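Visitor: Attaching a single structure in structure tokens format; questions to follow.
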Amino acid sequence: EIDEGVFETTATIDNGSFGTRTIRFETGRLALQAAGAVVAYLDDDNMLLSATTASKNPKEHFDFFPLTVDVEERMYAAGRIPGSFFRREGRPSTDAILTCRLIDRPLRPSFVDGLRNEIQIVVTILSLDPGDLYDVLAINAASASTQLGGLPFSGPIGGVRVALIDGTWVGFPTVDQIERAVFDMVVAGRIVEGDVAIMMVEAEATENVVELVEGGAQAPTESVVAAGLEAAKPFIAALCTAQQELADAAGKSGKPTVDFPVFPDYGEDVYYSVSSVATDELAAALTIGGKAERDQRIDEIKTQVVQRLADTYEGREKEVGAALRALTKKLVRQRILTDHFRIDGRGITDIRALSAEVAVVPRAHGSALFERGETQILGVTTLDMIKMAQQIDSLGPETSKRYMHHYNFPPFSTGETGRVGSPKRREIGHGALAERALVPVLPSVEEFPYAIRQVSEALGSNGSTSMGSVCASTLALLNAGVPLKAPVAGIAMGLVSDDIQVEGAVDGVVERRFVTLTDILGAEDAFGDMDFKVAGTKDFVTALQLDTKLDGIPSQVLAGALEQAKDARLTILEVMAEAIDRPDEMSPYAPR
Amino acid sequence: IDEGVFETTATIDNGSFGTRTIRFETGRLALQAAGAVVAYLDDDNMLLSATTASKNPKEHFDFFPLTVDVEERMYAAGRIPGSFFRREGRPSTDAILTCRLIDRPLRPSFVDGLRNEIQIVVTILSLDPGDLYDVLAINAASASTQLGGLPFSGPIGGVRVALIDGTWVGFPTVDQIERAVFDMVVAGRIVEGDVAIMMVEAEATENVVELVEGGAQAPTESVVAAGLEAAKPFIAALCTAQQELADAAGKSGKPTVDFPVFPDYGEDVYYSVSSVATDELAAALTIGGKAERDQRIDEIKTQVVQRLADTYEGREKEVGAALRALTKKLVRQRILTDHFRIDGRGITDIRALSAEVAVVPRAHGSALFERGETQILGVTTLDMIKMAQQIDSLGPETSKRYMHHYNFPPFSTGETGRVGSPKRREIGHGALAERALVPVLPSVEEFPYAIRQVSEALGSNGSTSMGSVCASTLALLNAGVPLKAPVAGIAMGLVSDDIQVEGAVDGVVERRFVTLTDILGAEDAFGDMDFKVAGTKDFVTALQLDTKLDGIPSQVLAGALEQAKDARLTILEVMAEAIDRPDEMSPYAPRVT
Amino acid sequence: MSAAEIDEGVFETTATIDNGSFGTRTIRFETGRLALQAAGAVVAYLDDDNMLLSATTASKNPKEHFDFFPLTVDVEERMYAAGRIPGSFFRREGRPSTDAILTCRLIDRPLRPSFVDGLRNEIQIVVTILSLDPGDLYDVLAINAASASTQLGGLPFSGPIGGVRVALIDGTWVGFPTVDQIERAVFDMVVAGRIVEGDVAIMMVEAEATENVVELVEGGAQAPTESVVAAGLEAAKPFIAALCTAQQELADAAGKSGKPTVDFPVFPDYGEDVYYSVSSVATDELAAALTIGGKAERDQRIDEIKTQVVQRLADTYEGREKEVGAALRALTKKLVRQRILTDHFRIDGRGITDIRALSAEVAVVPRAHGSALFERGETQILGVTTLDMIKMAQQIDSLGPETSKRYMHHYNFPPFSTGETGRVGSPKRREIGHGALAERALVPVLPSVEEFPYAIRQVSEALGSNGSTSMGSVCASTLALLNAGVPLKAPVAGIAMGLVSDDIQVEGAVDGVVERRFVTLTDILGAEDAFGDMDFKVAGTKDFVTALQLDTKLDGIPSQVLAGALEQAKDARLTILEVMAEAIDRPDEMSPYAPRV
RNA sequence: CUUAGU
């Protein structure tokens with residue numbers, strides 16, 4: 001408390017009858033060399049450091065923002081010797097990769113576009129109670145450190161985990177608290193004009209959802225999910241206020257923006273030169289809506305303008321290419337906003353061509369093949385004795401994982417050559433999403449005493465293959481003979497929000513309009529603004545992944561999008577149930 | 001059902017042992033890939049082979065970048081993986097061996113100078129516990145590459161044939177192998193209705209000794225030739241099943257997109273180099289001196305590079321490659337006509353050979369083997385039975401009593417490389433050496449130990465696997481394991497071409513084969529087909545063959561095999577005069593019984 | 001048969017280390033038999049039972065993109081040398097062990113400065129452990145073999161390097177002790193040097209006090225003080241002379257294994273012209289810039305200099321901006337050095353013996369078994385010790401005598417410590433070496449199993465670093481151990497010093513004698529290391545030194561200056577020890593979350 | 001581009 005150590009900002013989370021959680025941020029004492037260094041405390045016991053740093057020299061070879069987030073769950077935080085044969089913390093665990101995914105998802109859009117300086121966020125778990133979780137605290141600490149560092153960060157992201165306990169949404173729940181919860185949610189957001197804007201949502205139904213609902217609780221409907229989105233807003237607001245608002249943490253030091261280079265693809269010359277002689281050339285180039293005929297105009301005009309523009313922009317082919325891509329993106333976005341028609345030629349509620357075959361791989365305990373248009377996932381599930389379940393050791397409360405879901409994404413799925421080996425971060429994230437989707441419906445260990453492993457091999461991809469993996473995995477589980485509570489489905493979804501000028505209504509006044517469309521394609525993911533994946537049974541939503549940058553959407557449109565999600569998931573459920581309705585007889589490997 | 005399956009069937013007849021069937025399906029799984037084939041065997045084995053091509057060539061790479069990866073997914077065996085992470089990570093040894101088996105015949109079939117990156121990912125979906133999949137992987141990879149619209153030469157079907165009771169049964173199970181004496185994985189293609197063998201991998205089973213004495217005929221090289229002749233109908237059937245109709249466009253595929261080629265010396269540097277640097281190469285080759293050869297050949301290379309560096313600028317690599325090609329052509333001509341080797345040795349002459357025993361102190365067994373520049377230090381250690389490798393995979397083997405580890409440090413050939421995890425080359429070489437040494441091993445009941453034979457290549461000139469076999473058997477004799485019979489090895493090979501003479505009014509183009517012994521890196525670069533043979537004085541234990549020829553009659557195959565046997569016999573005599581009998585156990589080694 | 005009665009290119013040489021009463025050792029170098037294809041190959045035997053191979057190879061074309069010398073050292077400690085199959089599930093020699101990494105570090109420390117400066121060819125030295133006594137060590141024999149092989153390779157590597165391991169028992173300094181002898185010893189000293197003018201010119205030495213140092217000292221043995229350390233430095237000189245003469249007997253250009261040396265291109269930084277221009281046009285202003293002494297003024301002046309002299313010179317020497325930067329930093333280092341020799345002033349504005357801003361906080365991290373935070377100057381090191389049941393030791397297996405590391409120190413160096421960015425993954429060689437140094441500094445003062453039956457793991461994360469953080473890690477580990485309540489024999493503190501030696505011409509006698517003067521300074525910094533002609537770090541308790549490191553370049557120093565530097569080390573360590581004792585001095589009660597075995 | 005929680 002001598003100097004630079006008195007920042008000492010504090011925020012409070014009032015859960016009502018469940019006590020108050022005291023989040024605390026301090027700086028200026030640890031890691032003075034880093035650009036930003038914030039130590040975050042939860043209930044004066046869970047202490048973790050977050051240090052953000054930036055490379056001195058600008059990078060030009062890289063074509064994308066090289067943000068890297070590493071969390072390091074050092075084992076001494078749990079008061080135990082590491083279980084590795086070398087007694088050292090080796091490669092990051094599955095929880096420590098999900099945590100940095102959760103940090104990266106909202107933080108990456110919060111950096112200004114065109115940034116090409118390496119930004120590394122190291123989140124070290126220096127201490128942690130055996131009954132608390134650090135991922136949300138990791139989000140808060142990383143955002144606070146980046147805000148302190150003076151990097152071109154946006155408003156300080158704030159995250160909170162909220163759980164439905166007997167009707168109320170409790171923020172930052174203890175593991176024992178969420179044990180009795182019925183819906184786990186992680187919400188990360190920022191304040192824009194005095195109200196919070198939702199940036200990232202990660203929702204998983206608790207493994208005891210069925211028992212709690214049968215015992216008297218209420219199932220997590222989409223309306224409940226929207227109410228919960230509205231419930232965690234004050235917590236995110238309070239956590240954001242504890243970063244810079246009122247001369248605290250980053251507010252004590254002020255931290256005005258420091259210089260940093262930006263490398264945009266099209267400043268003013270190439271963009272104008274393509275917009276002048278390209279805007280009128282896309283009047284009706286997407287009318288057929290087919291891979292065989294519609295593309296024949298857009299690709300041909302792309303080649304024509306590429307040849308024509310090669311007269312003053314010598315050596316800037318990437319610039320004109322990016323400008324053309326942005327032009328066609330904006331044009332087709334306007335197409336959806338006005339005509340209400342998609343690039344693929346389908347409507348906003350048109351589910352892609354569905355098919356689901358069961359037991360296609362012999363000698364396997366369970367096999368299924370689920371196809372949605374271009375997308376196609378083969379799921380294989382196998383069962384062995386209880387001792388074969390993974391013995392997970394980590395800072396996390398769990399000790400044994402009896403249901404493993406591994407999502408394999410070989411490079412031939414998209415038709416391009418790559419490297420087969422250790423899966424990247426995104427594959428682990430997709431596998432975790434599918435596993436969280438399938439946990440709440442699995443039978444209990446005593447009822448069904450078999451460890452479950454599920455390999456989901458993506459044999460064909462057109463973007464957002466996790467939900468098809470969920471459907472294929474539940475099909476395969478039904479094939480293998482496991483008794484589920486209810487079949488599950490899942491589907492991705494897009495929401496395009498934009499301000500369009502209307503002339504008929506009074507005069508030429510700009511109004512903001514939203515279009516919610518189903519079955520996001522590979523190129524439709526970049527074509528919207530709020531892209532979210534919803535999975536569940538016909539009774540409740542289990543897995544919900546949401547990531548956006550919009551400055552808030554009304555509850556009405558969010559409820560409508562979730563209702564459309566329920567409808568489409570019901571259609572997928574019907575197409576799954578027609579092929580297989582009951583679990584089949586177990587494979588000959590089943591003991592008597 | 002849904003149309004678009006395009007099944008094709010091949011029948012493998014085995015007489016009294018039972019007919020098997022191979023099925024090919026396409027257009028159903030992994031459509032987004034350039035080519036995909038789901039291969040079925042016996043209605044219970046399925047594996048998906050998919051090949052893709054990079055949309056842009058890798059102009060930076062100096063070699064054709066083909067990568068074959070096999071994913072032997074553990075769920076095929078109906079068991080959660082035993083790894084602590086419950087996931088299948090690094091490939092096992094069997095996956096690497098299957099990758100080598102697929103790569104070896106399939107690599108040369110692509111056009112020379114191709115620069116696209118191509119990856120063949122063969123996934124093992126379902127597998128019967130008693131059936132093998134590597135040869136089925138060869139078939140599926142060849143079929144998928146054929147349907148992918150790639151510059152593939154042709155279907156490369158293959159078959160595993162085992163010799164049981166004088167009948168060469170194709171595609172045997174694991175159960176039938178214990179009743180067999182020789183394993184022949186043969187992969188080849190048909191050219192004008194006759195198969196042209198591409199690769200051969202031959203292993204004598206671990207019960208060959210106990211069955212040859214029991215009545216079965218020994219795997220003598222004549223029996224080996226009979227087996228290589230026996231697999232031809234199976235190769236033809238599998239190749240025509242992979243081909244069937246036009247298939248690539250008539251049945252399943254895509255309209256062809258041309259793939260660019262990057263020849264090293266197209267037509268400019270080669271013509272000038274041949275026109276201006278022909279006679280000097282002949283004079284240098286006919287100088288008749290090994291030690292004086294370099295002062296002429298390197299000087300000619302330098303002066304040719306200097307003189308030609310006036311018309312061609314920036315093509316120094318091209319003129320160097322053209323000069324190498326010219327030297328290759330004249331060296332092949334010299335071997336065919338003048339019947340001389342660049343070493344100055346005869347076509348049946350082994351290099352300076354020597355074998356020392358007990359060189360490394362405080363080791364359970366050690367030996368050193370030298371052949372000219374090749375020098376291998378093989379160390380074997382004897383530990384308890386419990387210390388055998390507990391290998392678990394899709395393969396039916398659940399342990400490994402004898403493990404051969406082939407270390408190839410970068411200083412073996414003077415290169416400053418990277419020391420660390422072994423590559424695929426050394427895994428394959430170690431597997432070949434272990435397959436050579438397995439048949440002559442003592443029984444586990446009579447001799448209850450786990451053997452870990454390390455072969456460290458201390459000096460290399462290419463083809464050091466068979467020398468590793470010799471050093472391994474020497475060190476095994478030194479350690480004290482009772483060998484069934486000493487086993488040697490040799491790196492054989494031959495040059496095959498055509499020579500035209502006017503002795504019968506021109507047009508007399510005779511196909512000449514010359515078999516030369518103790519090949520080197522240069523000899524590998526010159527020889528058309530190079531093979532390695534290992535075995536005892538009675539029968540052969542290991543045989544590796546890799547070729548590209550359109551056909552060789554049984555006369556030259558028998559002659560080359562017999563010459564290989566003679567070389568093996570001489571090397572065996574030298575090893576015997578080094579050490580003869582299993583001596584006493586080393587004092588440091590433990591005694592359990 | 002043996003070697004078929006020599007009669008070949010195989011050449012043999014032997015060196016007899018006359019131990020005295022305890023024994024006598026024989027180190028034999030042989031060449032020409034194994035690994036003929038390598039540039040150089042030497043097989044080294046010790047006691048006719050410890051045989052290893054050393055092969056040195058060089059590339060045929062220098063690698064241009066590397067701005068430094070790309071030397072690689074690999075200690076392939078093959079498992080069959082110990083007569084046991086590896087315990088790995090794959091039954092193969094996997095990643096290099098910790099002791100193998102330490103052996104590569106020991107070989108690399110003196111070898112790297114021996115090669116001619118500016119070399120770009122990739123030099124790989126591979127030492128393979130073929131045989132080993134079950135009670136003998138190999139790292140010293142490994143550096144001997146590596147030096148011999150590099151000498152036989154014909155490389156511009158200058159001077160055979162000898163290495164000895166001297167340990168003292170009951171006042172007698174033996175060379176190459178057996179594991180039992182080092183068990184009975186009270187100080188071990190791995191030394192390495194070269195012969196310059198008929199006398200050894202010491203180059204590297206790492207010193208560790210054995211595990212039973214306190215009991216041996218209380219048993220009557222002389223404690224390993226600074227005088228004893230200097231005596232050990234002096235006793236290893238004849239052994240280095242013998243082990244260098246033996247490798248020199250493999251003569252060059254005389255029909256022996258010494259081959260002719262072919263042209264070996266060397267890439268310099270500032271060869272002959274840019275340096276002259278920089279030292280002519282930017283010498284007076286650069287020298288006058290050091291008069292103020294204000295650290296902020298140093299940056300304010302050096303930024304202007306590096307921005308304006310480059311632009312001024314970027315008119316005649318074009319395309320060599322990095323070269324002129326190299327010349328500028330060389331000039332700055334030279335003027336700083338001459339200032340240090342002349343008026344005893346550092347770049348930090350402190351005096352020769354001025355210690356940094358000491359701070360030591362205890363019990364920083366809550367819920368941990370023990371935590372401490374040590375801040376020396378800008379360096380800030382956090383150390384967390386985790387007590388646990390003895391079943392959680394390290395059940396390592398290797399050729400070395402040890403079988404279980406009861407106390408394990410892990411030194412984490414995240415990339416944000418220095419402000420730059422990187423990858424937080426596997427620990428590099430440097431982190432392994434620093435952790436080993438800290439662990440060896442802490443072993444002599446650790447309680448035995450019977451008194452405190454718990455495995456001890458120390459986790460020292462460098463939260464902020466400015467070079468020479470190993471000793472800060474030692475102090476922080478001691479503080480954290482005291483916090484956790486482990487009964488220590490006595491607190492141990494470390495400190496990293498420097499030494500700058502140069503020559504000036506005294507003309508007072510109108511004769512102008514070129515005399516070499518020495519200045520010893522404490523609390524070395526990140527930038528002062530690049531100026532110092534010698535760098536060392538000393539760690540000790542209140543009484544005796546428990547760890548030592550030395551990596552020099554001078555061709556020998558008098559014992560007077562060495563004793564003075566060691567006394568300076570004692571003074572700095574005593575001040576630091578007083579600071580820590582003020583922070584905490586006694587073993588307090590264990591944290592409730594610690595297991596009570 | 002990299003090698004131990006079997």
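Following the order of the structure tokens, first chain is A, next is B, and so on, with residues numbered from 1 inside each chain and ligands from 1 in the order they appear.
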Please provide as a PyMOL selection string all residues within 10 Å of residue 9 of chain B, with the sequence filter that same-chain residues fewer than 2 positions apart are discarded (counting only C-alpha atoms (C1' of nucleotides)).
Guide: chain B and resi 7+11+21-25+40-41+237-238+240-242+244
Visitor: Which residues, written as a list in words, have at least one atom at most 8 Å from residue 426 of chain B, with only C-alpha atoms (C1' of nucleotides) counted and residues fewer than 3 positions away on the same chain left out?
Guide: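 Residues meeting the cut-off are residues 406, 407, 408, 422, 423, 429 and 430 of chain B.
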Visitor: Please write the residues from the selection above to a file, keeping C-alpha atoms, as a short mmCIF file (atom, residue, chain, number, x, y, z; two decimals), in the first residue's frame.
Guide:
```cif
data_model
loop_
_atom_site.label_atom_id
_atom_site.label_comp_id
_atom_site.auth_asym_id
_atom_site.auth_seq_id
_atom_site.Cartn_x
_atom_site.Cartn_y
_atom_site.Cartn_z
CA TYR B 406 17.25 -48.67 -35.30
CA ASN B 407 19.03 -45.42 -34.41
CA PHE B 408 20.39 -43.37 -37.32
CA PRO B 422 12.80 -41.44 -34.91
CA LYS B 423 11.48 -40.79 -38.40
CA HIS B 429 14.18 -50.31 -41.06
CA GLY B 430 13.90 -51.49 -37.46
#
```
Visitor: Might you pull out every residue within 10 Å of residue 5 of chain D, with only C-alpha atoms (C1' of nucleotides) counted and same-chain residues fewer than 5 positions away left off, and present them as a list in words?
Guide: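 Listed by chain and then number, they are residues 82, 83, 84, 85, 86, 87, 88, 89, 90 and 393 of chain A; 83, 84 and 85 of chain B.
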Visitor: Can you tell me, as JSON, numbers by chain, what residues are no more than 10 Å from residue 329 of chain C when counting only C-alpha atoms (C1' of nucleotides), ignoring any on the same chain fewer than 6 positions away?
Guide: {"C": [306, 323, 335]}
Visitor: Using only C-alpha atoms, determine which residues of chain C fall within 7 Å of chain B; present them as a list in words.
Guide: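 Matching residues, ligands excluded from the count: residues 34, 35, 36, 37, 38, 39, 49, 55, 57, 58, 59, 80, 81, 83, 84, 85, 89, 90, 91, 124, 130 and 131 of chain C.
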